[PDB]
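The data below hold one chain only, encoded as structure tokens and taken in the form deposited without the partner chain.
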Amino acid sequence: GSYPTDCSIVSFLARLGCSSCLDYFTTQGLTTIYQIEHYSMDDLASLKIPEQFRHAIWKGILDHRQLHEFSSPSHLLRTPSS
């Protein structure tokens, strides 16, 4: 519902076994996983998601972010700004 989407908090949470947590996401306006693809433990906690769930959920979101940006020691450089 509401425009086409890919990964939803419903399926995203279902895979982790915490679909009930959706109420906390919807209560703030989050229905898609992408909407929180870059969510922090703070934001997740702000929505009212418990620490026992925010961690699991947060973990799932992080794993999704790694797909877009991988990490490796001594491989690629970057141009830092102070």
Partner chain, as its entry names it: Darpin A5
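Positions refer to the first chain, counted from 1.
Here the subject shifts to the form solved in complex with the partner chain, a form of this protein not shown in this document.
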Contact flag, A56 vs the partner chain in the bound PDB entry, heavy atom cut 4.5 Å
yes
4.5 Å heavy atom contact, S40 and the partner chain in the bound PDB entry:
no
Please determine whether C18 contacts the partner chain in the bound PDB entry, using a 4.5 Å cut-off between heavy atoms.
yes
Although the partner chain is absent from this view, report whether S46 comes within 4.5 Å of it in the bound PDB entry, heavy atoms only.
no
In sequence order, which positions of 9-28 have a non-hydrogen atom within 4.5 Å of the partner chain in the bound PDB entry?
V10, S11, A14, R15, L16, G17, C18, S19, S20, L22, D23, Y24, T26, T27
